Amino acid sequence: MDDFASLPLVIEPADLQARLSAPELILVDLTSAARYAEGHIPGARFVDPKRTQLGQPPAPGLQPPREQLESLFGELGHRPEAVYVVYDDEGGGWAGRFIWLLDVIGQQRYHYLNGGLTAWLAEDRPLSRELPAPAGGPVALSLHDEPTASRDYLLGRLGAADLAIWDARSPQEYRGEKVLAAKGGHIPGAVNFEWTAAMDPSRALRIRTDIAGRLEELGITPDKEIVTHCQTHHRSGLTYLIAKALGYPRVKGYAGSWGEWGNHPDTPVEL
């Protein structure tokens, strides 16, 4: 992992600024076309958040088809020596979903910029409006199912003693007060910890330093397989990232998410 090998998954703006010139670095920006043009971290390559999703029914939260992925990573310059540093400007949702995609394509070396652009801007660090040269054509990818939980898999795991379902939606959605699908409520046995509650607005949206204890209070512990989700696996991108960052050995993103679960005929719901 070269210059980044010594750093933990979640790194700080100072760690990144000092390594912006690393040759193996593939800095990924998942803010927005406007934000990216206005000013991005030097060397950052833009990946529109929509490009990280299938975007088609019945489950748009799923990963993009193989073709889109091969083209995307080909443009980013995906190569053997690559070390990814990911960031967004919303507290980590999209960045975390991208890291999940990195797991999906077998990438082993990557890091999350704690607080992303928010933290970077809060410390008035260097910005660029220049475009990095795209790598090239699409590259062949080895896709993995392990980082993801399918509807069938979760259905067969419900009630499991060694399973914790981290529902990252808002409390009102979890309780079925706000219904965005045919069925309201949550997955049976799931616990709720809104993605926004994992951020610290007083620290430029960095992951709250007391995050471990908060997850533990809800039974979301490393000794359990952690399956996380939201409405479309966006907000759960951050929660997925957090579990991995804390060293949780078994973590999966239920990409289908409530968009699927709340609408599927076979799925039981709980208030």
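We number the residues from 1 along the sequence you see.
- In this crystal structure, the stretch out of 24-32 and 51-59 whose C-alpha atoms carry the higher mean B factor is 51-59.
- When the two stretches 143-151 and 88-96 are set side by side, the higher mean Cα temperature factor goes to 143-151.
- For the set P171, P134, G189, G116, the PDB entry puts the maximum C-alpha B factor at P134.
- As recorded in the entry, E67 carries the highest CA temperature factor of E67, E217, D223, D210.
- In the deposited entry, the Cα temperature factor of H229 sits in the bottom third of values across the chain's modelled residues.
- Per the deposited record, the Cα B-factor of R109 falls in the middle third when ranked against the other modelled residues of its chain.
- Ranked by Cα temperature factor within the chain, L163 sits in the lowest third according to the deposited record.
- Annotation for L76: CA B-factor lies in the middle third of the chain's modelled residues.
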